[PDB]
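Enquirer: Supplied in structure tokens, the structure appears directly below.
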Amino acid sequence: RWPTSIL
Amino acid sequence: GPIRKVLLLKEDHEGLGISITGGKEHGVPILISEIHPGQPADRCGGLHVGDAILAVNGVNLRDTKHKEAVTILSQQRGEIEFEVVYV
């Protein structure tokens, strides 16, 4: 599972 | 798909209006997973879910780890040029 970042 | 150059305009009080996933430590590019409605990426018109971000303002992002990309992307201001490709 990959990370997600809101930017 | 074809590599594209896309211009995004944002003001200093805003973020980019995207979510990213992936990164070199996961063996995949920095990928746009969300375009948030009404925020700068949506407004610019040329960035979409599934695009890999190859570079921003001439900074290569092809072999960047997730958090490296966050730092680089969040530092950009004003008129921001993206190099992107949909795969």
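With ideal geometry, Cβ positions are generated from the backbone for all residues, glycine too; neighbour counts draw on all protein chains shown. Derivation of every value follows stated rules applied to the coordinates shown; laboratory data play no part.
Enquirer: Would you mind counting up the charge near A:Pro3? Only other residues with Cβ under 13 Å from its Cβ, with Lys and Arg at +1 and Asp and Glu at -1.
Expert: Numbers: positive: A:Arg1, B:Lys24, B:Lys65, B:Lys67; negative: B:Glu25, B:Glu68.
Result for the local shell: +2.
Enquirer: Determine, for B:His26, B:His13, the number of other Cβ atoms within 10 Å of each Cβ, and report the residues in order from fewest to most.
Expert: Working: B:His26 15, B:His13 5.
Final ranking by Cβ density, sparse to dense: B:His13, B:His26.
Enquirer: Among rounded, prolate and oblate, which fits region B:40-87 when a ≥ b ≥ c are the square roots of the eigenvalues of its C-alpha gyration tensor, a/c under 1.5 means rounded, and a/b larger than b/c means prolate?
Expert: Numbers: a/c = 1.73, a/b = 1.15, b/c = 1.50.
Here region B:40-87 falls in the oblate category.
Enquirer: When a/c reaches 1.5 or more, the comparison of a/b and b/c decides; with that in mind, is the protein assembly as shown rounded, prolate or oblate per its Cα gyration tensor?
Expert: Numbers: a/c = 1.44, a/b = 1.32, b/c = 1.09.
Rounded.
Enquirer: Can you list the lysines whose alpha carbon is less than 22 Å from that of B:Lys10, not counting same-chain residues fewer than 8 positions off?
Expert: B:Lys67
Enquirer: Report, in degrees rounded to the nearest 10, the 0 to 90 angle that the Cα long axis of helix B:66-75 makes with the longest principal axis of chain B.
Expert: 30 degrees
Enquirer: Kirkwood hydrodynamic radius of chain B from all distinct Cα pairs, in Å?
Expert: Result for chain B stands at 12.6 Å.
Enquirer: Same structure, new question: Per the helix-only calculation at 222 nm, which mean residue ellipticity applies to chain B, given -39500 (n - 2.57) for every DSSP H run of n ≥ 4 and division by its residues, nearest 500 deg cm²/dmol? Intermediate results must be reported in sequence, preceding the final value.
Expert: Values: 2 runs with 15 residues, N = 87.
One gets -4500 deg cm²/dmol as the mean residue ellipticity at 222 nm.
Enquirer: So what are the ³J(HN,Hα) numbers for region B:54-59, from phi and the Karplus equation (6.51, -1.76, 1.60; θ = phi - 60°), rounded to whole Hz, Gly and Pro as x?
Expert: 7, 6, 9, 6, x, 8
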